Protein chains: 2
Amino acid sequence: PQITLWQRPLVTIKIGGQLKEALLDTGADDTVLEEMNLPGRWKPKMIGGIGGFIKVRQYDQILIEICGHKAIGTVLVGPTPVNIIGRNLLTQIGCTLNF
Amino acid sequence: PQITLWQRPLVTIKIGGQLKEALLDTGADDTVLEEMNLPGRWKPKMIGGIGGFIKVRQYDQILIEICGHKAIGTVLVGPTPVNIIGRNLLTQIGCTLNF
Ligand SMILES: CC(C)CN(C[C@@H](O)[C@H](Cc1ccc(F)cc1)NC(=O)O[C@H]1[C@H]2CO[C@H]3OC[C@@H]1[C@H]3C2)S(=O)(=O)c1ccc2nc(NC(C)C)oc2c1
């Protein structure tokens, strides 16, 4: 799809058997999702944003289907206010900015 | 330009007579710039992000030239870690996401 930016660029994702909405976020290096149940091993990580830092769990080689396109990569899980799809996964679905 | 997302989507901006770099950020509703000298009246505002909230100064009808495209709108100035161009200005330069 082409997506204009008059509204938040939200898409449906399927991850860990669950359906969620997430923001396509070109300002995010990495993918950060709200607390959710994910299977397997993880590693503690601190990440920074506009108002300071949060502690997240780092999960590698996680499958995510983003608006019907499959990607596999790192997902960070923690107290983010919104689910964010970052460039680590946007590059896999072929996402570009155009003006 | 078409911009792929293997690197941060940074562009040159000119605002308040100054040259700066800023991130084209589809996950940002509003435009937030690092402390800088802007002329005229402003209004206190608190905005929230990944790690909590920051106090910004709200400036309206500010001219910004974003990668050679002119836009006029609200700019928030405050302790953001990075200069962010949000959807309020991305819609004016015709920016879209495509996959
Ligand atoms: C969380 C997200 C929903 C909104 N944020 C835009 C994201 O793109 C921000 C932009 C950004 C902020 C700080 C920073 F150091 C680097 C980049 N990205 C973000 O938090 O990403 C984090 C995390 C993602 O992976 C890595 O890449 C950058 C770091 C790092 C951890 S925001 O907090 O910066 C933001 C920006 C503009 C806004 N305008 C508003 N307006 C409200 C009044 C609605 O809220 C805003 C909130």
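Note: hydrogens, waters and symmetry copies are ignored here, and every other heavy atom, side chains too, is used. Remember, it's 1-based here, ligands and their atoms both numbered in the order they're listed. Below, chains carry the letters A, B, ... as their sequence lines are ordered, and counting in each starts from 1.
- Atoms of ligand 1 lying under 4.0 Å from any heavy atom of B:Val82, numbered from 1 in the order shown and given with element: 14 (C), 16 (C), 17 (C).
- Grouped with A:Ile72 in one hydrophobic cluster are A:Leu63, the linkage being side-chain heavy-atom contacts under 4.5 Å among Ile, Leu, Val, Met, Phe, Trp and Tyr residues.
- The protein heavy-atom contact nearest to atom 33 (O) of ligand 1 is B:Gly49 CA, 3.1 Å.
- Between B:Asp25 and ligand 1, at least one pair of N/O atoms sits closer than 3.5 Å.
- The aromatic rings of A:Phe99 and B:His69 sit perpendicular to each other, their planes meeting at more than 60°, with 30° as the lower class boundary.
- Looking at atom 19 (C) of ligand 1, its nearest protein heavy atom turns out to be A:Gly27 O, 4.4 Å.
- Considering backbone and side-chain N/O atoms, B:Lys45 never comes within less than 3.5 Å of an N/O atom of ligand 1.
- Between B:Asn37 and B:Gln18 the shortest side-chain heavy-atom distance falls below 4.5 Å.
- Only the side chain of B:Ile84 comes within 4.0 Å of ligand 1, judged by heavy-atom distances.
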Distance-only donor-acceptor hits, side chain of residues 81-90 of chain B, under 3.5 Å, sequence neighbours excluded:
unit_1  : atom_1 : unit_2  : atom_2 : d
B:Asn83 : OD1    : B:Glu34 : N      : 2.8
B:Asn83 : ND2    : B:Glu21 : O      : 2.9
B:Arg87 : NH1    : A:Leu5  : O      : 2.9
B:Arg87 : NH1    : A:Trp6  : O      : 3.4
B:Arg87 : NH2    : B:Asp29 : OD1    : 2.9
B:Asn88 : OD1    : B:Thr31 : N      : 3.2
B:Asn88 : OD1    : B:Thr31 : OG1    : 2.8
B:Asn88 : ND2    : B:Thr74 : O      : 3.0

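- Among A:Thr26, B:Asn83, B:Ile47, B:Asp30, the residue whose heavy atom sits closest to atom 42 (C) of ligand 1 is B:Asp30.
- Both the backbone and the side chain of A:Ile50 come within 4.0 Å of ligand 1, counting heavy atoms alone.
- Heavy atoms of A:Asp29 found under 4.0 angstrom from ligand 1 belong to the backbone as well as the side chain.
- The side-chain heavy atoms of B:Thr26 and B:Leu97, taken from C-beta on, include a pair separated by under 4.5 Å.
- Looking at heavy atoms from C-beta onward, A:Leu24 lies in side-chain contact with A:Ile3 at the 4.5 angstrom threshold.
- If you number the atoms of ligand 1 from 1 as listed, the ones under 4.0 Å from a heavy atom of B:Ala28 come out as 36 (C), 37 (C).
- Taking 4.5 Å as the limit, some side-chain heavy atom of B:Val77 sits within range of a side-chain heavy atom of B:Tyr59.
- Checked for salt-bridge contact, A:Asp30 and A:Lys45 meet the test: a charged N lies under 4.0 Å from a carboxylate O.
- For atom 13 (C) of ligand 1, the nearest non-hydrogen atom from the set B:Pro81, B:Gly51, B:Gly48 comes from B:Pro81.
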